[PDB]
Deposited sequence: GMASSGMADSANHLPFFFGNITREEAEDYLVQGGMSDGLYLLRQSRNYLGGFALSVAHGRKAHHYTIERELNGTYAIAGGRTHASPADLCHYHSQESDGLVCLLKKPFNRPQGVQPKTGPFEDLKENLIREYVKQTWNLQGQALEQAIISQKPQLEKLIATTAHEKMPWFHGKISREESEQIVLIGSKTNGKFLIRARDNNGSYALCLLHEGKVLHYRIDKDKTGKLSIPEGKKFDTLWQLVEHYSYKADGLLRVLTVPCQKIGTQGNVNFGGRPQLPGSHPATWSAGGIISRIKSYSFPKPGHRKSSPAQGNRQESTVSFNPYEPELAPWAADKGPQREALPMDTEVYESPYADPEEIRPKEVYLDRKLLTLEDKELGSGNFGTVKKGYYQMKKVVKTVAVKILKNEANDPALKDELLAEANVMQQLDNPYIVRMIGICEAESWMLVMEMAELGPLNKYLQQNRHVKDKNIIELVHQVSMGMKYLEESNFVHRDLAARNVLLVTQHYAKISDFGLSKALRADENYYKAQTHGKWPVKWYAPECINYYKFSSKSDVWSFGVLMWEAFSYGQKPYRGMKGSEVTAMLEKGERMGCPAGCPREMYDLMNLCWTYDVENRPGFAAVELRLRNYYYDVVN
């Protein structure tokens, strides 16, 4: 633990950390330690330097040691802080003075904080009935939004809320069993916003009154005003204030739309998630069950896309249909195309455009999930109001879908913003994975310009030079895609030619940091753009680095 450290704050936010740093003066080398906001038992170090706050993720190693950016192992957070007081390996400056928790501030750790993870998990399971991987993938992407949502549930279902019990009943419930200091319950004093907070202190029960303001706010006599019992308990679990002590363990109760959340959409789960829905016996879909609309959604190098409708046993599924060119009809391409289509149909993840099946009719047809808001680059160019935090959320879902493709030994080959489609403004899906290989794309597609875009601008050096496509080269493309996202749909390597791009990269030169792009996101782009394939991270490391930054900045 880090609880004994007087400059350790527990699970506070990044902005609360920064507010403490300003409270302490903002002198260079002023620092504090806190908990990583990821349920991974890690830490975060917040440092003042040049009127700015610098945040670093401290991860727990398998052996129980600690390290920053896969670097030097340290025995404990205290040992890590001791080390960085004399040498800064990658840190902005050395650590000179700790900012101790102000008088009256305890670490934001404890039972209330501990319940959050199980509460979010339970909330997903009962709101969306998700299980296994669909459930895990929902929590990973949506943890910040889910944390906000559990804070709005009715206090009546909370373990520390005992309802209409009497003062004598509450006295007896708080006293029973081990007399842990801070053991508490909240009970209703009446139906009109009147409550009692019962707290255990040195074997005695303290009965505090919580009253509702004319303003609808809840507080104890002369104490801070809160909107909910959730906020009240959260604050009192680390700031004693009026109370003789912080709240600790709840007493056991007697007994024992273009803004929708990804899981609020039909496409989040596979159509065949319903056991009543019977999955086709192969990659082949029945042309008789498919109806296409006349108007095109768009087109590209490999074909034209239309909106369609696929008749299933218990519903009409809206689909997007890519009709391959005449070139795809060549008997020489058939086996490779069917082989890749089988592998594409195996992929099941919320953050990919699932390939439902194929139709060999008037032309070859790829039946896919609909992502109606269209491509990421065009959307951002048309909606510059989209916040940096919303962009982090979308690129993080892309990193999740890419980790899944990598785990599945699937190489995308054309990972770019044009191939990231939006279901909602908070829900991105990777499209056209492995299409260029399935269709045996020509040298003129890779080297030259097609539809106003230069595909080589997304290729790792070993792809252009040695034609070696791998999950590591997809990592490179992800860095270019991150740059596109942060540039609100701008084209990469402005006005350059493939020859000019290749030679620039050989020199170790890279694209610049987009306006308003965080330093840590530009550092991630630079890591993806590692020339050497062996030193370049895989998607597991990219997703975790992105996840950690996302959880630290969003709410």
Query raised in the report: Wait, which stretches of the deposited chain are just not there in the structure?
Result: 1-9, 266-337
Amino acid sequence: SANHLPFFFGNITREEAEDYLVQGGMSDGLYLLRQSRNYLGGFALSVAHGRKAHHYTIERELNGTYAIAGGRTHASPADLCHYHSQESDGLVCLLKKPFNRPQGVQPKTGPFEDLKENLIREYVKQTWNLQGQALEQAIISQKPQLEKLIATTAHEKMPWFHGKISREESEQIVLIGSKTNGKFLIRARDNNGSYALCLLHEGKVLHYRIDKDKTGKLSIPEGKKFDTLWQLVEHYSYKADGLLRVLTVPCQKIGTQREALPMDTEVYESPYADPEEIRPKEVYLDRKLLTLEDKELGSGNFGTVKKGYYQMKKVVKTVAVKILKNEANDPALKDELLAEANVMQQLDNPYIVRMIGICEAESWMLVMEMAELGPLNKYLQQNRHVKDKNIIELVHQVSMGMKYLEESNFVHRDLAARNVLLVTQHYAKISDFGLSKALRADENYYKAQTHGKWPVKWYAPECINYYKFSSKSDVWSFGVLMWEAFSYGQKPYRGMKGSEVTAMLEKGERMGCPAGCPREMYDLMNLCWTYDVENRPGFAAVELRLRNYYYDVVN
From here on, numbers count along this sequence of modelled residues.
Query raised in the report: 480-488 versus 104-112: which one carries the higher mean Cα B factor per the record?
Result: 104-112
Report task. Can you let me know which of the two, 519-527 or 65-73, has the higher average C-alpha B-factor in the entry? Result -> 65-73
Requested in this report: Using the entry's values, work out which of 473, 390, 397, 257 has the largest Cα B factor.
Outcome: 257
Requested in this report: For the C-alpha B-factor as written in the entry, point me to the maximum among 48, 505, 45, 511.
Outcome: 505
Report task. Compare the C-alpha B factor of residue 120 with those of the other modelled residues in its chain, then answer lowest, middle or highest third. Result -> middle
Query - Third of chain Cα B-factors occupied by residue 32 - result: lowest
Requested in this report: Can you work out whether the C-alpha temperature factor of residue 369 puts it in the lowest, middle or highest third of the chain?
Outcome: lowest
Requested in this report: Just say lowest, middle or highest third for the CA B-factor of residue 195 relative to the other modelled residues in its chain.
Outcome: highest
**Report entry** Chain-wide C-alpha B factor ranking for residue 239, given as lowest, middle or highest third
**Finding:** middle
